[PDB]
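A.B. asks: If you read the sequence shown in the authors' numbering, its first letter stands for residue 1, the second for the next number, and so on.
Note that CB positions come from ideal geometry on N, CA and C, so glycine has one too.
Let me begin by handing over the structure; questions about it come next.
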Amino acid sequence: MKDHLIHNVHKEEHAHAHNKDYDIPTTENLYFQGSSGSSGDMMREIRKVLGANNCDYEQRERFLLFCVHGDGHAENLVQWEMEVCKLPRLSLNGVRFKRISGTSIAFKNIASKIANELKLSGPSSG
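What follows is the structure, encoded as structure tokens:
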């Protein structure tokens, strides 16, 4: 069971709401929205961002990739896993950012960027 044939199905919808009214918990996890097709593309696209930001990743599970950023040393280094999943409630591939190690500051400052590239929501701390 190997995908030998290519498949490019892009969709474009103009139905959404522009409002800043969300309820985020106090836990240590960030949320984002902005799928680029199917749960698969997510992996491909996402990874693309890392490579661009001199960031490496270690695939663990079919829908699990160990993302990591490296600038110069640990202080700047940051490890986080990105799992791709979809729920009926939100009905939108919810990409959760789990900080395995490193620092919050860098963990966020970088989390905000990745989103920009993946045309993801891009939530901030207000």
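Is it buried or exposed, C67, if we count other Cβ atoms within 10 angstroms and call 16 or more buried?
C.D. replies: That one is buried.
A.B. asks: Taking DSSP as the reference, what is the three-state secondary structure of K2?
C.D. replies: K2: coil per DSSP, three-state reduction.
A.B. asks: Report yes or no: is there a C-beta of chain D within less than 8 angstroms of the C-beta of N109?
C.D. replies: Reference to chain D is not applicable here, since this structure consists of a single protein chain.
A.B. asks: First and last residue of the alpha helix (DSSP H) that includes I46?
C.D. replies: Its alpha helix (DSSP H) spans residues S39 to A52.
A.B. asks: Keeping to the same chain, check which residues put their C-beta closer than 7 angstroms to that of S121; ignore five residues upstream and five downstream.
C.D. replies: Around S121: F32, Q33, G34 and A115.
A.B. asks: Kindly give me the distance between the Cβ atoms of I100 and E81, rounded to whole angstroms, as I take these residues to be in contact under 8 angstroms.
C.D. replies: Rounded, the Cβ-Cβ distance is 6 angstroms, consistent with contact.
A.B. asks: Report buried or exposed for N19, applying the criterion of at least 16 other Cβ atoms within 10 angstroms of its Cβ.
C.D. replies: Exposed, since its Cβ has fewer than 16 Cβ neighbours within 10 Å.
A.B. asks: By the 10 Å Cβ neighbour count, where 16 or more other Cβ atoms means buried, how is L30 classified, buried or exposed?
C.D. replies: So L30 ends up on the buried side.
A.B. asks: Could you tell me the alpha carbon to alpha carbon distance between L77 and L118, rounded to whole angstroms?
C.D. replies: Approximately 21 angstroms, taken between the alpha carbons.
A.B. asks: What does the alpha-carbon distance come out to for the pair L90 and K11?
C.D. replies: Their Cα atoms are separated by approximately 18 angstroms.
A.B. asks: Between which two residues does the beta strand (DSSP E) harbouring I100 extend?
C.D. replies: Looking at the DSSP string, the run of the beta strand (DSSP E) that includes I100 is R96 to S101.
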